[PDB]
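*Asks:* Opening piece of a complex, kept in its complex position:
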Amino acid sequence: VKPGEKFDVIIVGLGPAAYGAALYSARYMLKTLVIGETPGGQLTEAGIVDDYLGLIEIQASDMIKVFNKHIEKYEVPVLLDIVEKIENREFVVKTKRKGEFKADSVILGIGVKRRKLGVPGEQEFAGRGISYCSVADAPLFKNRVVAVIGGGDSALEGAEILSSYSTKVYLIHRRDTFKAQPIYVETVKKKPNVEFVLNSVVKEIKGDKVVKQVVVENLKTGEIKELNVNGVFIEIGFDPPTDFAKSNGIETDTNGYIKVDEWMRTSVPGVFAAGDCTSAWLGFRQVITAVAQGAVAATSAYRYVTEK
């Protein structure tokens, strides 16, 4: 593809939502272009995916490869770049390096960016005991001692599921209280194998070939503890693309996510959204639901383009 080319739909992103939307957009015979920065999106940080029905215990890297093969069967052009602006003048989609493209409709599958922690040992033990998704990996830590870092809904829900599989969960958070919804806190509080480690931070993640310990510091007392753990789940949340939405005149909900209706329509006619950047099923971040929302957004774009 070249700058200035016009498409029926431009899909922004290259994660599950974008792949799901591209598959349906191409099969609807919409001239489709996908522009995304990172192939696979959040899946680039995942290990094995075993909750996408029908792809049993698949390495996330292989899931990305087969999702790409599926849309390439339909010859969907994929441009690796960052979309900076979406202007209505038809739409003109401006990219950082590869020019401006035109479209009758746009589907945003831009996801959310993981809030970074960055503690010593985190890079060293990537894929070696550290996980960024408790609901995905909890089944892999049956009868192991684990730590969850975080204090919102993501971390409390993570501690709840890990409490079911694991020996014990140390739930570590830097504040004096959790910010999670009260029922999540109360539910986890009643688990005898979950220990709250409030007012604390992880100073270091240590191990040999795999994670073996976390050094924890209490910010109020200075007390330092070394906990022996086999897994560390970093669950500090994700940042929605509020700035991108605001910059491009797209409404966001009061949580900062792109507001969509049932049919994945944003506040801008002709612009749809799918996946975890949206307000739909907020808080539930899964491959299957992003792929499904992509199918719905493609169907809404199809109806919009054909009726236009």
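*Replies:* Sure, I can see it. Residues are numbered from 1 along each chain as shown, chains lettered A, B, ... in the order given.
*Asks:* now the strands for the stretch 51-200 of chain A?
*Replies:* Counting by DSSP state E, counting those that start in this stretch, one finds strands in the stretch 51-200 of chain A at the ranges A:58-59, A:78-80, A:83-88, A:91-95, A:100-108, A:113-114, A:130-131, A:145-149, A:168-172, A:194-197, A:200-207.
*Asks:* mind giving me CSV with those strands and columns for distance to residue A:279 and mean neighbour count?
*Replies:* The C-beta positions use only the backbone N, C-alpha and C, and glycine is treated the same way. Formatted as CSV, these follow (distance: least, CB to CB, whole Å; neighbours: other CB atoms under 10 Å):
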stretch, distance to residue A:279, mean neighbour count
strand A:58-59, 29, 15
strand A:78-80, 27, 17
strand A:83-88, 18, 16
strand A:91-95, 21, 19
strand A:100-108, 12, 24
strand A:113-114, 17, 14
strand A:130-131, 26, 26
strand A:145-149, 26, 27
strand A:168-172, 27, 26
strand A:194-197, 30, 18
strand A:200-207, 31, 19
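*Asks:* wait, which of those is closest to residue A:306?
*Replies:* Nearest to residue A:306 among the strands of the stretch 51-200 of chain A is strand A:100-108 (9.7 Å), distances taken as CB to CB.
*Asks:* could you give the angle of that closest one to strand A:83-88?
*Replies:* Relative orientation of strand A:100-108 with respect to strand A:83-88: 90 degrees, computed using axes from the mean of the first three to the mean of the last three CA atoms, to 10 degrees.
*Asks:* elements contacting strand A:100-108?
*Replies:* If you count contacts as 3 or more CB pairs under 8 Å, 6 or more residues apart in numbering; DSSP states H and E, strand A:100-108 packs onto strand A:6-12, helix A:16-27, strand A:32-36, strand A:91-95, strand A:271-273, helix A:287-307.
*Asks:* Just say which of the ones you listed is most tucked in.
*Replies:* Mean neighbour count (mean count of other CB atoms under 10 Å) peaks for strand A:271-273 among the helices and strands packed on strand A:100-108, with a mean of 30.
*Asks:* Now do that strand: everything it contacts.
*Replies:* For strand A:271-273, the surrounding residues in contact (CB atoms under 8 Å, 6 or more residues apart in numbering) are A:86, A:91, A:105-110, A:250, A:258, A:260, A:263-266, A:297-298, A:300-301, A:304.
*Asks:* Could you check the helices and strands packed on strand A:100-108 and tell me which one is nearest residue A:221?
*Replies:* Using CB to CB, the helices and strands packed on strand A:100-108 put helix A:287-307 closest to residue A:221, at 41.4 Å.
*Asks:* export the closest one as CSV, just CAs?
*Replies:* The C-alpha atoms that make up helix A:287-307 are tabulated as CSV, following Å, rounded to 0.1, in the frame of the first residue of the first chain:
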residue,chain,number,x,y,z
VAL,A,287,-8.3,-12.7,23.8
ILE,A,288,-11.7,-14.3,23.0
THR,A,289,-13.7,-11.2,23.9
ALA,A,290,-11.3,-8.9,21.9
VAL,A,291,-11.6,-11.1,18.8
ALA,A,292,-15.4,-11.2,19.1
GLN,A,293,-15.7,-7.4,19.6
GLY,A,294,-13.5,-7.1,16.5
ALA,A,295,-16.1,-9.1,14.5
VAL,A,296,-18.9,-6.9,15.8
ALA,A,297,-17.0,-3.7,15.0
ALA,A,298,-16.3,-5.0,11.5
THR,A,299,-20.0,-5.8,11.0
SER,A,300,-20.9,-2.2,12.2
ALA,A,301,-18.3,-0.7,9.8
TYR,A,302,-19.6,-2.9,7.0
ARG,A,303,-23.2,-1.7,7.6
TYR,A,304,-22.0,1.9,7.8
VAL,A,305,-19.9,1.8,4.6
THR,A,306,-22.5,0.0,2.5
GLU,A,307,-25.3,2.3,3.7
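*Asks:* one more, chain B:
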Amino acid sequence: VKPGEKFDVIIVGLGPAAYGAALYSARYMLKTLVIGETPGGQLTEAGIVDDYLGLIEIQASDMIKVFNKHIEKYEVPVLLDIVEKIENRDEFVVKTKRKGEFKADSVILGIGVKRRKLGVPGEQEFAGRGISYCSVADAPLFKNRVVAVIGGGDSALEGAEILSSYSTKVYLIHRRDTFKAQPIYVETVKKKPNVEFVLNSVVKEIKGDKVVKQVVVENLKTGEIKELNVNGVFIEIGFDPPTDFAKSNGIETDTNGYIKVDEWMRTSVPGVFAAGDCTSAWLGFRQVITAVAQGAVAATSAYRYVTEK
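*Replies:* That brings us to chain B, laid onto the chains above:
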């Protein structure tokens, strides 16, 4: 499993939505039981599925096999039977036709819908040999071929619209003087130079040799009988939601007879969730991917409900 046993969640159905809910329910460590009549649900009548991302060109029968394999990896017990009633006591009592009754803290309904039957001569004979019940699924296979779409609602009109982008010509056949589809769909399709409306008409027969070759059509006004050469026939006459089952079990339905759910797949009865084609969510869009995703959402709502309880 044995009668009287209690589960955290009982999933009714064995189609995409129930498999999707069972996979998540098992992964949340919910004590799960699946009771369903037909493994695969509507997939038992599908051909090749090429719109479930990541399972490229999978035969529907192979998709049922791998969906089953996936939940059995989690040792989810599956009972092949019909659920006759869901009694709301404190807890639910799910009554089956042949396996006794079971108790549950929550229930997920993935009971789907039933395809309305046309029943024209040649239809059952040419199943899988030129007849399709899903335009969105099969349209890509009819590029540069001639097809007929039978029906008059939204699915037939949108089916014709999609097929017009692949096929050389599309005959849209319906027995009434007008279509009952949203006017916008009718107006949009009418402009296609390759779509021909064949209103006030019925198909008398679907004919072929090894595969579909013709449809015999009768015009109900003029009485004229004519044969149209076609490579494919897409029957798009709708589905029947389980309104009776919903009413029987005290579950509210939407204005179209589907199980009313909110965003999180909650029905009007606390502790009862629903997923897939039987629900009011994304009405009209009936796909494997969306049923499997709604199953995951219903399982998560059941998980939250049970853990809170």
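*Asks:* Enumerate the residues of the stretch 51-200 of chain A near chain B.
*Replies:* A:51-57, A:63, A:66-67, A:69-70, A:73, A:135, A:138-139, A:160-161, A:164-165, A:183, A:187 (CB under 8 Å from any CB of the partner chain).
*Asks:* In helices only, show me these.
*Replies:* When DSSP state H is applied, those are split such that A:63, A:66-67, A:69-70, A:135, A:160-161, A:164-165, A:183, A:187 fall in helices.
*Asks:* Quick one: which of those residues is the most crowded by neighbours?
*Replies:* Within these, neighbour counts (other CB atoms under 10 Å in any protein chain shown) peak at residue A:67, which reaches 27 neighbours.
*Asks:* Show me the beta-bridge partners of residue A:130.
*Replies:* Residue A:130 forms beta bridges with residue A:126, residue A:232, as assigned by DSSP bridges.
*Asks:* Just confirm it contacts residue A:205, I think it does.
*Replies:* Yes. Between residue A:130 and residue A:205 there is a contact at 6.5 Å, judged by CB atoms under 8 Å.
*Asks:* Find the residues that touch each one of these two.
*Replies:* Listed contacts common to residue A:130 and residue A:205 are A:122, A:211, A:232; contacts here mean CB atoms under 8 Å, 6 or more residues apart in numbering or on different chains.
*Asks:* Now the buried members of those residues.
*Replies:* The neighbour count (16 or more other CB atoms under 10 Å in any protein chain shown) marks A:122, A:211, A:232 as buried among these.
*Asks:* can I get these in JSON lines with distance to residue A:98?
*Replies:* As requested, those are exported to JSON lines (distance: CB to CB, whole Å):
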{"residue": "A:122", "distance to residue A:98": "33"}
{"residue": "A:211", "distance to residue A:98": "40"}
{"residue": "A:232", "distance to residue A:98": "38"}
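*Asks:* can you name the two of the ones in helices among the residues of the stretch 51-200 of chain A next to chain B that are farthest apart?
*Replies:* Using CB to CB, those span at most 42.3 Å, a distance reached by A:69 and A:183.
*Asks:* about what we covered before: what is the nearest of the ones in helices among the residues of the stretch 51-200 of chain A next to chain B to residue A:39?
*Replies:* Distances from residue A:39 to those, taken by CB to CB, are shortest for residue A:67, at 8.9 Å.
*Asks:* which ones are touching that closest one?
*Replies:* The contact partners of residue A:67, by CB under 8 Å, 6+ apart, come to A:16, A:19, A:40, B:53-54.
*Asks:* give the contact list for the residue of the stretch 1-150 of chain A found nearest chain B.
*Replies:* Closest approach between the stretch 1-150 of chain A and chain B, counting by CB to the nearest CB: residue A:29, at 3.7 Å. Contacts for residue A:29 (CB under 8 Å, 6+ apart) come out as B:162, B:165-166.
*Asks:* Tell me the one among those residues nearest to chain A.
*Replies:* Closest approach to chain A among the contacts of residue A:29 (CB to the nearest CB): residue B:165, at 3.7 Å.
*Asks:* So the residue of chain A most remote from its centre, which state does it fall into?
*Replies:* In chain A, residue A:221 marks the outermost C-alpha relative to the chain mean, sitting 34.9 Å out by CA atoms, centre = their mean. Put simply, residue A:221 is coil when judged by DSSP: H, G, I helix; E, B strand; the rest coil.
*Asks:* quick one, phi/psi of it?
*Replies:* The phi/psi pair for residue A:221 (degrees, to the nearest 10) reads phi -100, psi -10.
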